[PDB]
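Structural features, examined
For reference, the chains in residue letters:
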Amino acid sequence: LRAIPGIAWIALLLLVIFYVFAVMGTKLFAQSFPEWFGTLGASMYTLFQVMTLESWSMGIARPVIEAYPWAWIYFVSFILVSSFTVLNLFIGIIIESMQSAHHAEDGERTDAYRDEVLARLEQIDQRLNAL
Amino acid sequence: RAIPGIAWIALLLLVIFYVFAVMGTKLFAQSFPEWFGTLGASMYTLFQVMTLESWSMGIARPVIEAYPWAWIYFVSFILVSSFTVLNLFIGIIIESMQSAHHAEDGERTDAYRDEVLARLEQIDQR
Amino acid sequence: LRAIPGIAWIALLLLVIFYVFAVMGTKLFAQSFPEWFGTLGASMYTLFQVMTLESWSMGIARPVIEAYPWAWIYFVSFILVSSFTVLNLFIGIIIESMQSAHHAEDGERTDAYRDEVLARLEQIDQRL
Amino acid sequence: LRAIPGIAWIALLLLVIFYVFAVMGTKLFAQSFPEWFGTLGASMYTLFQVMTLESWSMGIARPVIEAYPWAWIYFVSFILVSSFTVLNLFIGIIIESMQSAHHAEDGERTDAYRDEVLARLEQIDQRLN
Amino acid sequence: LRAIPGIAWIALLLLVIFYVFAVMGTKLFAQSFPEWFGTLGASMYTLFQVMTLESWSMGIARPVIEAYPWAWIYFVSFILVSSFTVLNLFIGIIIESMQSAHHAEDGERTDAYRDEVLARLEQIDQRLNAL
Amino acid sequence: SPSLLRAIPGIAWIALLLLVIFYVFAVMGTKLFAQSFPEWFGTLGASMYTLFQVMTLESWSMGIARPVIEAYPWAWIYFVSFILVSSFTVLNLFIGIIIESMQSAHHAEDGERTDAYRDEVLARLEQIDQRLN
Amino acid sequence: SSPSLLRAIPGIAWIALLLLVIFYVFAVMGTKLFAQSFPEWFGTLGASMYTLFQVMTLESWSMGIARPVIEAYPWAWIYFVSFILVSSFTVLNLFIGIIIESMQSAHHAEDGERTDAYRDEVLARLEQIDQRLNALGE
Amino acid sequence: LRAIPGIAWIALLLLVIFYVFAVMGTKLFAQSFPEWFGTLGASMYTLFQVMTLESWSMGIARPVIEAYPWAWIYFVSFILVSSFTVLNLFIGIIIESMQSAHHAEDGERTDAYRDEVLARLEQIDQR
Ligand SMILES: CCCCCCCCCCCC
Ligand SMILES: CCCCCCCCCCCC
Ligand SMILES: CCCCCCCCCCCC
Ligand SMILES: CCCCCCCCCCCC
Ligand SMILES: CCCCCCCC
């Protein structure tokens, strides 16, 4: 019933997410956006800032004011990462909790049926009066 | 259901929205007085076109006035209706009958517990 | 023992990820390669070909040999698509079949438990 | 049960970490780090050689660390490859074993319940009186 | 004639060069490179790998460019081992085989000399009968 | 160096430098493990003693190289030196002696056959002689 | 039997390798007593071979660099002599050994030609075997 | 035929041996005593002097042997120098002489055999 260890797996998939999409976003954010005018060792770091840290949400929303017609899916990058994570993580948690519940209750009913085992072998073998 | 997720499928559904909303509302926006400068009214327009009030097929036609360049909307309305119907209805059917199998057969086995105790009482009580 | 709408939305996700890497091929390298300079609407053509077709379009993924350390991700991208989708789909559906197998045989054993019911009855009144 | 898909998709993303840090260690550690002289396609071999073999390619590692301000991220590569190794190996093996254990053990104790069936059939047809 | 044991002789001597120069290398370069830095357990294995494998070994040899004039003699030492040893074994082969060739073939010629013996011993006695 | 003559004392020179090898390596390794070992309670002068011990004779002396297994971390290669020194002795000396023997065999035996041909020259004069007619 | 007829040359590698060693050896023996006295090189940590082959009669000026060994009479004379003795070993071995070995080949071929004079004696054997067989009369 | 300079080759290599053992002595046989008190490059001097000459460098030989286990090796150097020189010098001269011996001896006997040639043709051609 040990189904917890699927936890760190999501965080290392998060490593995958941040690598891929911070690299793409850091190319398109190093190209023209003047907030940093380039991010190689601080791409992870800038996206992680924008993730409701250092009060920097609208902070990133300004360099996309300097390119609005073709740069919005970067704040939507925040959105995408959040959604993908929350989805898989949350649903795994749900399934694990509910397996535990169902097995617990149904097993208790069946061990009452083992009490019925007790009843039976007390009935026949233990009260024969001739052996 | 594979390793996919329900609201994750729905997320890719509004990603489809991004796709074909952006395409359409970017291609012919500068030439039509229906949704003149269609920017955020794309999702609304289409997801409201789907079989709503039996009239939005009617609004799908005035863009059929641009058949060589505006039939992908026929394609796309078919897309959205298709995946909505399929996913929602049929997936919920299978979910419901899975839960049904479990609960139904469990309560039947509780009636079996009834059988057990009835017989054994008839033998033990005397 | 019922998971086929699974296959349905899996095909949907297939088309979605096809579009994803298509447009990624239309933006990251679009100006540098005149191979299909305007991939905006025919990265489909390019990548459909790249689909191990006639052993030459892994070839036509070559304009990634243009920038081999960084863009090798299109070849690796068909790798990823095939792996995740085909792998998970195929195996998981077969596993739903093995679920059905469990149900059938172990239910027959519980009808041997119906034989238990018989045992009950033939203990009750055989020996008043 | 015996699931292949997990380990398969793992192996893919594990190898994507491999090429990422191959690039990480082949562009900044080739033209001036001649331990691996012409490191463009050899980076695969260099990194996986650094992986815990005879305790001597970690010795190849340190003179690369001689460039300390810009030469740290590939034993960072070490820790990321360890990330994926931990995941696949540990989780797969342990959880799978105990799943199968649940199955078999519960079945066999129900067979003990069948010996109780034998008790009832003790006192129908063996003892009439 | 059959001196492949002598090949083993020369081979053992050149491997003596191998061992003793590995020991002298343990002496001069033990702490200087961090390449192995423990040149106490596997000095053999060290120079073993240094010997022309994947070209990564000359790359093993520069971490003791850490000591420029105090480790160059080992670059030329592996020159010594490789070239000297291979050339010695081919020396053995060439020279001693061709010595055997001399003896065999010129002995065949001297067996022709046996035949000339035969002809004149034919001319022993023929002048007693028809003369 | 084709000479077809007796070239054994070169191997003899190698053999006495092999005695020097005994001396050097055995006295190297015999002095730092003279304190911490119970066998001779000081190998200060037991190195050629270990010569006639561990030159692969009696089959128990690599058995006493085992007490060097007792000191594996920085003192392992020394019974490998045992193995070496044994190979030194056997191969070098034995090859020298073998080629010695074959040298002698060839040269002497074929010279004697030539002497036989000279008896034939005296025959050719058997007809340069009495049967002159 | 073909293509060499006593090519026992390649062992000349030995010579060259001795060369290297020799260089090293007595470079060190000049780096030991010197390398702290003279100001010229003033660190012979790796200048050993550089300076030694410079003093190998280069531009008629590195005997010019041998002047600072004239700066010390007894304790500094035998370095140019180092060079002479290196030349002794290497040149003697390679050239003169190869030449004398070829002249040993001359030994062999010369005595073989004498055996062809014994082919002359073959001439005489057939002077009698086939010629005066008394095939006339009597 | 006259491969003579090899002996000088061995002799110069012997000089190299002298240097090597000189520096080993310099390690042990420099300061273990006050008997030479510094030998950082003069073991050559003391060894050429001790080579059983003048009968007094053995008077040198004791105050180094004051440390009995750590000094007899220089006398063993006597032995090393001996072995090297004796073997190679002596037998090299011997071997060269032996080569010349075989050739001279039996080739000259075969010149006599040429006179044999003349005798046998004196019979077979004229009678
Ligand atoms: C943010 C990038 C997605 C937009 C890609 C172009 C969409 C318009 C396609 C027009 C095809 C004629
Ligand atoms: C739009 C129709 C697509 C049909 C794809 C069929 C795939 C069959 C896979 C066979 C695996 C058993
Ligand atoms: C990467 C480590 C390679 C170790 C090689 C050991 C020696 C193998 C000898 C094979 C001879 C053909
Ligand atoms: C081709 C696949 C053969 C089976 C692979 C098993 C992988 C086990 C990983 C254990 C890592 C220590
Ligand atoms: C949010 C957890 C961060 C853990 C540190 C990661 C260092 C690469």
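Entry numbering is not used for residues: they are numbered from 1 along each chain in the order the sequence is written, which may differ from it, and residues without coordinates are omitted. Just so you know, chain letters begin at A and ligand numbers begin at 1, following the order they were written in. Neither water nor hydrogens contribute to the side-chain values; these are computed over all heavy atoms in the structure. Residues with missing side-chain atoms are left out of burial classes, side-chain pairs and their counts.

Helices and strands together make up the secondary structure of chain H, namely 4 helices and 0 strands. Only DSSP runs of H or I reaching four residues or more are called helices, and only runs of E reaching two or more are called strands; each is numbered from the N terminus. When the helices and strands of chain H are read in sequence order from the N terminus, they spell out α-α-α-α. A principal-axis box enclosing the C-alpha atoms of chain H has dimensions of 95 × 25 × 20 Å. Contacts: residue pairs with any heavy atoms within 4.5 Å of one another. Of the contacts made within chain H by residues no fewer than 6 positions apart, 60% connect residues no fewer than 24 positions apart.

All names here are of chain A. Criterion for a salt bridge: a side-chain nitrogen of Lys or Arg within 4 Å of a carboxyl oxygen of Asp or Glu. Scanning the model with the defined rule gives 10 salt bridges over all chains in all. The partner of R127 in a salt bridge is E122, with the nearest N and O atoms 4.0 Å apart. Any residue under 20% of the maximum accessible area for its type is buried, any over 50% is exposed, and the rest in between are partly exposed; the area is computed with a 1.4 Å probe on protein chains only. With relative accessibility at 44%, the residue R127 sits in the partly exposed group.

As for its position among the elements, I124 of chain A is in the segment after α4 (75–123). C-alpha separation for the pair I124 of chain A and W9 of chain A, spaced 115 residues apart in sequence, amounts to 55 Å. Those residues in contact with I124 of chain A that lie beyond four places of it in its chain are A119, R120, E122 and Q123 of chain D.

This part takes up the interface of chain E and chain F. Each side of the interface is counted separately: chain E has 22 residues, and chain F has 24 residues. Going through the elements one at a time, α1 (4–28) and α4 (72–122) of chain E are the ones with two or more residues in the side of chain E that touches chain F. When residues are grouped by polarity, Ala, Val, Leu, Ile, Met, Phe, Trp, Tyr, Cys and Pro land in nonpolar, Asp, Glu, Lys and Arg in charged, and all others, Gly among them, in polar. A breakdown of the residues in the side of chain E that touches chain F according to their chemical character gives 14 nonpolar, 3 polar and 5 charged.

Quick look at the side chain of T26 of chain H now. Residue and element names in this part refer to chain H. Looking at where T26 falls in the secondary structure, it is placed in helix α1 (residues 6–28). Engagement of the side chain of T26 in a polar contact is seen with the backbone oxygen of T39, the distance being 2.7 Å. If sequence neighbours within four positions are ignored, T26 has contacts with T39, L40, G41 and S43. In protein, a polar contact requires one atom able to donate a hydrogen and another able to accept it; more generally it is a pair of N or O atoms within 3.5 Å, and residues adjacent in sequence count only if both atoms are side-chain atoms.

This brings us to the packing of α4 of chain E against helix α4 (residues 77–124) of chain F. Every axis corresponds to a line fitted to the C-alpha atoms, with the helix fit spanning only the stretch in contact, and the corresponding angles, defined between N-to-C directions, vary from 0 to 180 degrees. Closest axis-to-axis distance for the α4 of chain E/α4 of chain F pair is 11 Å, and the angle between their directions is 15 degrees. Judged by the inter-axis angle, α4 of chain E sits roughly parallel to α4 of chain F. Once α4 of chain E is placed against α4 of chain F, the crossing between them reads as left-handed. Taking contact as the criterion, the partners of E96, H103, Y113, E116, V117, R120 and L121 of chain E in α4 of chain E are, on α4 of chain F, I99, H106, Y117, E120, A123 and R124 of chain F. Among the residues making up the contact of α4 of chain E with α4 of chain F, the classes are represented as 6 nonpolar, 2 polar and 5 charged. Note on angle classes: values under 35 degrees are labelled roughly parallel, values over 145 roughly antiparallel, values of 65 to 115 roughly perpendicular, and the remainder oblique. Take the far helix as your reference; a near helix turned counterclockwise from it by less than a right angle gives a left-handed crossing, and one turned clockwise gives a right-handed crossing.

Like-charged residues within 9 Å of one another, or nonpolar side chains (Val, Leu, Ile, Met, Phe, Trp, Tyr) within 5 Å, are grouped into patches, provided each residue has over 30% relative accessible area and no salt bridge. Here the Shrake-Rupley method, with its probe set to 1.4 Å, supplies the accessible areas, and only the displayed protein chains count as covering residues. By the counting scheme adopted, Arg and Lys are positive, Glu and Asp are negative, and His together with the chain ends is not counted. Every charge is mapped to an atom, namely NZ of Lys, CZ of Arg, CG of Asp or CD of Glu. A contiguous patch of negative charge on the surface is contributed by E105, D106, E108, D111 and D115 of chain A. Structurally, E105 of chain A can be placed in helix α4.

Right, let's get into the environment of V64 of chain A. Residues and elements named next belong to chain A. Considering the arrangement of structural elements, one finds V64 in the loop between α3 (57–61) and α4. Along the chain, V64 and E35 lie 29 residues apart, while their C-alpha atoms are 9.9 Å from each other. Each residue touching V64, except ones within four places of it in the same chain, is listed here: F33 and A71.

The subject of this paragraph is the UniProt feature "binding site: Ca(2+)" (unreviewed entry) in chain H. All names here are of chain H. Per the UniProt annotation, the sites labelled "binding site: Ca(2+)" (unreviewed entry) are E35 and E66. These annotated residues cover 32 residues of sequence, and their C-alpha atoms lie no more than 9.9 Å from one another, placing them together at a single site. Along the chain, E35 falls in the loop between α1 and α2 (43–50). On the basis of relative accessible area, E35 is assigned to the partly exposed category, the value being 25%. Setting aside residues up to four positions removed in sequence, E35 forms contacts with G59, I60 and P63. UniProt positions are given in the numbering used here, feature names are shortened, and annotations may be inferred rather than shown by experiment.

To continue, consider unusual backbone geometry. One non-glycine residue, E59 of chain G, adopts positive backbone phi at about 60 degrees. For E59 of chain G, the position within the fold is in the loop between α2 (47–54) and α3 (62–70). The exposure class assigned to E59 of chain G is exposed, which follows from its relative accessible area of 69%. One non-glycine residue, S55 of chain H, adopts positive backbone phi at about 60 degrees. Examined against the element boundaries, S55 of chain H turns out to sit in the loop between α2 and α3 (57–65).

Turning our eyes to something else, we now look at the UniProt feature "binding site: Ca(2+)" (unreviewed entry) in chain G. All names here are of chain G. What UniProt calls "binding site: Ca(2+)" (unreviewed entry) maps, in this numbering, to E40 and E71. In this fold, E40 is placed in the loop between α1 (12–33) and α2. Residue classification places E40 among the partly exposed positions, given a relative accessible area of 44%. Discounting chain neighbours no more than four positions away, the residues touching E40 are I65 and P68. Inspection of the secondary structure puts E71 in the loop between α3 and α4 (79–129). Residue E71 is classed as exposed on the basis of its relative accessible area, which comes to 52%.

Moving on: the packing of helix α1 (residues 6–27) of chain B against helix α1 (residues 4–27) of chain C. Following both chains from N to C, one finds α1 of chain B and α1 of chain C inclined at 45 degrees, their axes separated by 11 Å at the closest point. Classified by the angle between their axes, α1 of chain B and α1 of chain C sit oblique to one another. Of the two possible hands of crossing, α1 of chain B and α1 of chain C adopt the one that is left-handed. Residue-level contacts link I9, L12, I16 and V19 of chain B of α1 of chain B to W9, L13, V16 and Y19 of chain C of α1 of chain C.

Counting contacts across all 12 pairs of chains that touch, the top-ranked interface belongs to chains E and F. There is a clear gap between chain A and chain E: no contact, and 28 Å between their nearest C-alpha atoms.

You can see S55 of chain C is positioned in the loop between α2 (43–50) and α3 (57–60). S55 of chain C sits 33 residues away from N88 of chain C along the chain, and the two C-alpha atoms are 26 Å apart.

Between rings of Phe, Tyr and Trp, where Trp is taken as its six-membered ring, a pair exists when centres lie within 6.5 Å; planes separated by under 30 degrees are stacked, by over 60 edge-to-face, and by other angles tilted. With the rule as written, the count across this model stands at 61 aromatic pairs over all chains. Residues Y112 of chain B and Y113 of chain C carry aromatic rings whose centres are separated by 5.6 Å and whose planes lie at 85 degrees to one another, so their mutual orientation is edge-to-face. Here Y112 of chain B, found in helix α4 (residues 72–124), pairs with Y113 of chain C, found in helix α5 (residues 73–124), and the two come from separate chains. Classification of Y113 of chain C as buried rests on a relative accessible area of 16%. Ring centres of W13 of chain F and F84 of chain H lie 5.5 Å apart, and the angle between their planes is 75 degrees; this geometry places the pair in the edge-to-face category. Here the residue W13 of chain F occupies a position in helix α1 (residues 9–32), and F84 of chain H occupies one in helix α4 (residues 73–126), the pair thus bridging two chains.

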